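Those letters in the sequence shown? Residues 4 to 260, per the entry's author numbering, in order.
Quick reminder that beta carbons are idealized off the backbone N, C-alpha and C, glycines included.
Worksheet: one structure, shown below.
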Amino acid sequence: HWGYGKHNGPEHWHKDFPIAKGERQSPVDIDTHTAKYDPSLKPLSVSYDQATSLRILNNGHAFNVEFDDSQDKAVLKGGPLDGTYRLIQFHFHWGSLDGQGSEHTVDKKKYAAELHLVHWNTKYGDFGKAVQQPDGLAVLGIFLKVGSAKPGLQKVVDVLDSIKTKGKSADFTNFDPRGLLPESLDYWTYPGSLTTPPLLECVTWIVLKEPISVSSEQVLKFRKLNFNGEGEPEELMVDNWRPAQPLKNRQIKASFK
Ligand SMILES: [Zn+2]
Numbered sequence: 004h005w006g007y008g009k010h011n012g013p014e015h016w017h018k019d020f021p022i023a024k025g026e027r028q029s030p031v032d033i034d035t036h037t038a039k040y041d042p043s044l045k046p047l048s049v050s051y052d053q054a055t056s057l058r059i060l061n062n063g064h065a066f067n068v069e070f071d072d073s074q075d076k077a078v079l080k081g082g083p084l085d086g087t088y089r090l091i092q093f094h095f096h097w098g099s100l101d102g103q104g105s106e107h108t109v110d111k112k113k114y115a116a117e118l119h120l121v122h123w124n125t126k127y128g129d130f131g132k133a134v135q136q137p138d139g140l141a142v143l144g145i146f147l148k149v150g151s152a153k154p155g156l157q158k159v160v161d162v163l164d165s166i167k168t169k170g171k172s173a174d175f176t177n178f179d180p181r182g183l184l185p186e187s188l189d190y191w192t193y194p195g196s197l198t199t200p201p202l203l204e205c206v207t208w209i210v211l212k213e214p215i216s217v218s219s220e221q222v223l224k225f226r227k228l229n230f231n232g233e234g235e236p237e238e239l240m241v242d243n244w245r246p247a248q249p250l251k252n253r254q255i256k257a258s259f260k
């Protein structure tokens, strides 16, 4: 099955998912000299006040916090978007050391981790239908750097010991994803793809310029997770990031210079 290792990782994915070599693959390196400041780009609107988290799960590739997307309120809109998108889940990618782990890079710089908040377009009925459309998803990508602790992340870090292996999950109600956002919503944006198989080219990417700071203690907890199931040989969940893919003449636009 696909994964992140030497024999099933990103260099192999094209054999089962030929779109891996397509025209709008993600992530990408954000070259700040070639990105284009667009003064017409509006502020992002992130409205998480009524977000209803349900559960946290280790799916064997990352851990996901799932949300009740049956109603509005928990919505991403504005910015480069022409529709409204409902939050369905978030997850992270991270490294085997603080010096790598992000999927997007900025002038080739890698962050320790990257948070993906995944939202689907309300034109399309549900997530599964939305991913079949070029504008089906809007993913808010947020870099993590190591520094002070992020208080809003602590509940997440604290629960990870209970979901160590693939197929484990825990109750995870009453979590407020507003605690994962940086102060500034300045962003880069470009059209791209899921960064995991099936790699569908259905995403408007919105990557925040400002990282959030998390502590070394917090990020170390990510690295205790396992790719394997319970009872199987230990395979530590680290380096679950796809490297940057060719931009292929897409334009990355910025809400700032
Ligand atoms: Zn992701």
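| message | What does the alpha-carbon distance come out to for the pair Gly98 and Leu228? | response | 12 Å
| task | Assuming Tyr190 contacts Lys148 (C-beta within less than 8 Å), just tell me the rounded distance between them. | result | Rounded, the Cβ-Cβ distance is 17 Å, inconsistent with contact.
| field | beta strand (DSSP E) runs wholly inside the segment 171 to 235, at least 3 long, in chain order | value | Runs of the beta strand (DSSP E) inside the segment 171 to 235: 172 to 174, 190 to 195, 206 to 211 and 215 to 217.
| message | Going by beta-carbon coordinates alone, are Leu47 and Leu183 separated by less than 8 Å? | response | no
| field | Through-space distance from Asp32 to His107, alpha-carbon basis | value | 6 Å
| How would you write the range of the beta strand (DSSP E) that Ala133 sits in, first residue to last? | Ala133 -> not in any beta strand (DSSP E); alpha helix (DSSP H) instead, spanning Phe130 to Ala133.
| Would the beta-carbon of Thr198 be found less than 7 Å away from any heavy atom of ligand 1? | Indeed, a heavy atom of ligand 1 lies less than 7 Å from the Cβ.
| Option in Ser56, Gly25 and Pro137 with minimal Cα separation from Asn177 | Closest option to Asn177, Cα to Cα, is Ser56.
| task | May I have the straight-line CA-CA distance separating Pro42 from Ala65, to the nearest angstrom? | result | 36 Å
| said: If you measure between the beta carbons of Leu60 and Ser172, is that distance less than 8 Å? | reply: yes
| Nearest candidate by alpha-carbon position, reference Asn243, set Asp19, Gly82 and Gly63 | By alpha-carbon distance to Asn243, the top candidate from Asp19, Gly82 and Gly63 is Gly63.
| said: To the nearest angstrom, how far is the alpha carbon of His10 from that of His4? | reply: 10 Å
| Is the beta carbon of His119 within less than 7 Å of some heavy atom of ligand 1? | yes
| message | I'd like the span of the alpha helix (DSSP H) that includes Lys158, first residue to last. | response | Its alpha helix (DSSP H) spans residues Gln157 to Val162.
| query | Which residue from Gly25, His17 and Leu197 puts its Cα closest to that of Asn252? | reply | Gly25
| task | Measure the Cβ-Cβ separation of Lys39 and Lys256 and say whether it is below 8 Å. | result | Yes, they are a contact pair.
| query | Is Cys205 near ligand 3, going by C-beta to nearest heavy atom under 7 Å? | reply | Among the ligands in the structure shown, ligand 3 does not appear; only ligand 1 can be found there.
| said: Between the alpha carbons of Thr87 and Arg58, how many angstroms are there, rounded? | reply: 24 Å
| message | At a threshold of 7 Å, does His15 count as lining ligand 1 (C-beta to nearest heavy atom)? | response | no
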